[PDB]
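Peer 1: Experimental structure below, sequence on top.
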Amino acid sequence: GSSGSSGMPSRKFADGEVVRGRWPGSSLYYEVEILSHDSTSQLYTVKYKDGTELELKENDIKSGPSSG
């Protein structure tokens with residue numbers, strides 16, 4: 001009822017946050033970091049351990065339980 005969006009636009013993922021991304025072709029979720037987020041095509045730019053940058057949809061990217 002006219003409630004929810006207030007303050008700043010919460011993004012499914014934050015900058016730097018370490019989430020699991022599904023590499024294109026491998027169909028497997030790997031530990032990747034959040035670099036940027038493109039709204040145009042909802043493509044998120046994450047980085048892999050092997051210094052690799054790719055564009056994964058908001059859905060392709062998934063996160064788990066926080067630890068620390």
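Peer 2: Looks like it arrived, so ask away. Residues are numbered from 1 along each chain as shown.

Peer 1: So what touches stretch 17-29?
Peer 2: 13, 30-34, 44, 46, 48, 54, 56, 60-64 (C-beta atoms under 8 Å, 6 or more residues apart in numbering). Yep, even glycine has a C-beta here, placed from its N, CA and C like the rest.

Peer 1: what's next to stretch 46-65, contact-wise?
Peer 2: By C-beta under 8 Å, 6+ apart, the list of residues contacting stretch 46-65 from outside reads 12-13, 17, 19-24, 29-35, 37-38, 41-45.

Peer 1: can you do 10 Å?
Peer 2: With C-beta atoms under 10 Å, 6 or more residues apart in numbering as the test, stretch 46-65 has contacts from 11-14, 17-24, 29-39, 41-45.

Peer 1: Check which residues of it are buried.
Peer 2: Neighbour counts over stretch 46-65 (16 or more other C-beta atoms under 10 Å) mark 46, 54, 55, 56, 60, 61 as buried.

Peer 1: and these, which of them are in strands?
Peer 2: Counting by DSSP state E, the part of the buried residues of stretch 46-65 found in strands is 46, 54, 55, 56, 61.

Peer 1: Distance-wise, check the residue nearest to residue 11 when sequence neighbours are not counted relative to residue 2.
Peer 2: With C-beta to C-beta, 6 or more residues apart in numbering as the criterion, residue 11 has its nearest non-adjacent residue at 6.2 Å, and that residue is residue 37. Using C-beta to C-beta, to the nearest Å, residue 37 is found at 27 Å from residue 2.

Peer 1: higher neighbour count, the two?
Peer 2: Taking neighbours as other C-beta atoms under 10 Å, residue 37 and residue 2 compare with residue 37 leading, 18 against 4.

Peer 1: Now do the host helix or strand of the more buried one: distance to the chain's middle.
Peer 2: Assigned by DSSP states H and E, residue 37 falls within strand 29-38. Distance of strand 29-38 from its chain centroid, counting by C-alpha atoms, centre = their mean, to the nearest Å, is 5 Å.

Peer 1: In it, which residues are buried?
Peer 2: Of all the residues in strand 29-38, those buried under the rule 16+ other C-beta under 10 Å are 29, 32, 33, 34, 37.
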